[PDB]
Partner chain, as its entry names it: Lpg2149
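Given as structure tokens, the chain that follows is alone and in the form deposited without the partner chain.
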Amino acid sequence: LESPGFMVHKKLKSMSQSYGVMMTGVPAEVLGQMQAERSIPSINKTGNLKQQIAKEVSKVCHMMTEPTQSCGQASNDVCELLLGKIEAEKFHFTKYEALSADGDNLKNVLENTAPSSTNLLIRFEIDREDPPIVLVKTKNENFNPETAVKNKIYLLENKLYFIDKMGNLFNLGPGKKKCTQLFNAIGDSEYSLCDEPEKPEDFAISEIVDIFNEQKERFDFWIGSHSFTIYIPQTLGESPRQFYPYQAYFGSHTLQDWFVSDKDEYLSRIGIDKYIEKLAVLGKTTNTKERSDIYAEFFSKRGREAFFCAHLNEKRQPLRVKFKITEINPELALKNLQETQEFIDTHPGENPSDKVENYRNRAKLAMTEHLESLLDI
């Protein structure tokens, strides 16, 4: 006997293992048309249209068969199944809460809920602190704020700008005489913002770093790094409470790969408390080795834990762990899972893999035709 809440997990996992991308419930023709519209800006109207259409369809079709599911898309898919559209939107505008340094605030919410009578969905976001590291000196001409590389400081003859991660332009304060003074004290080669100054150039770069650091408050250097959810279904009786983490990782594995690999069950055995503690260590530590190892253990494709964050992929920047939590109505979630299953059942195909191939073919056809129509082929 399994609680309805657990059946939500069992059906979600099984369906994802079998049907992969069809999980979204988006009709193949809609998906293909969205891919076509996404490709349109890449197609130069002056050029060979038939050729570029064939190239864009091939790119997208390659990606269908590669791990190109973002972690946020997987989380949004889990939230919509379990919550339904209206409540998942509400959940999206709920504010994230920062995990306390030991994860007490999260554990407390779990201890304040009865394992028998509640079904919990937690959504996590991991941010990394990514301040600028390079100063670019440039003339006013050839400096265009719309096209310039984000997350850098730019020194002009008359201005000192910081473009942040969003491409927002921040004037850092100095007047024209201060900037023209700084412009001339530096040489001809981008320059580092991270390194006892001796050359007159070293003192001007050091000035710009001080100017920048004074107003750190104006800026947000944190950037989303990873996203995942955890589902904690209601238990039966005195059965111990169990969690399951769900995720995709763009470029490494999809949510289907996750579930096929059973890493959700593998991490589940760690226990929700020991899992929260390690998340808290991940956000609190200053140790790169410890940061990389926890990150790889929790978030890598199964079997790559030893090198996912090794060498160049070391997590050398401070991380931050945020969460939001809601309750789940299992019968609503089961209704949504069943509606998605009926959507899947309508695709021709004897095996799940046949239906996925049917879906992909239909998306490709729909993209080709929409791209031809839009470009008038």
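Positions refer to the first chain, counted from 1. Note that the rigid core is defined as the largest set of C-alphas that superpose within 1.5 Å between two forms.
We do not show the form deposited with the partner chain bound, though everything after this point is about it.
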Answer with one of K289, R269, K85, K216: the residue that has a non-hydrogen atom within 4.5 Å of the partner chain in the bound PDB entry.
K85
Can you work out which of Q73, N158, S100, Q181 has a heavy atom no more than 4.5 Å from the partner chain in the bound PDB entry?
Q73
In the bound PDB entry, is there a heavy atom of the partner chain that lies within 4.5 Å of any heavy atom of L31, even though the partner is absent here?
yes
Could you confirm whether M166 comes within 4.5 Å of the partner chain in the bound PDB entry, counting heavy atoms only?
yes
In the bound PDB entry, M23 touching the partner chain (heavy atom, 4.5 Å):
yes
Is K50 a contact residue for the partner chain in the bound PDB entry, using a 4.5 Å heavy atom cut-off?
no
Interface segment, criterion being heavy atoms within 4.5 Å of the partner chain in the bound PDB entry, picked from 106-114, 208-216, 237-245, 76-84
76-84
Along 328-357, which positions have a non-hydrogen atom within 4.5 Å of the partner chain in the bound PDB entry?
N336, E339, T340, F343
Candidates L236, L156, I270, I223; compared between the shown form and the other one on the rigid core, the one with a C-alpha shift of 2 angstroms or more is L156
Once the core is superposed between the shown form and the other one, does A333 show a C-alpha displacement of at least 2 Å?
no
Comparing between the shown form and the other one on the rigid core, is the C-alpha shift at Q17 2 Å or larger?
no
Core-aligned, does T68 move its Cα 2 Å or more between the shown form and the other one?
no
Mind checking the CA-CA distance of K165 and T229 in the bound PDB entry? It differs by 3 Å or more from this form, so is it closer or farther?
farther
Once you compare with this form, do the C-alpha atoms of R38 and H92 lie closer or farther in the bound PDB entry, given a change of 3 Å or more?
farther
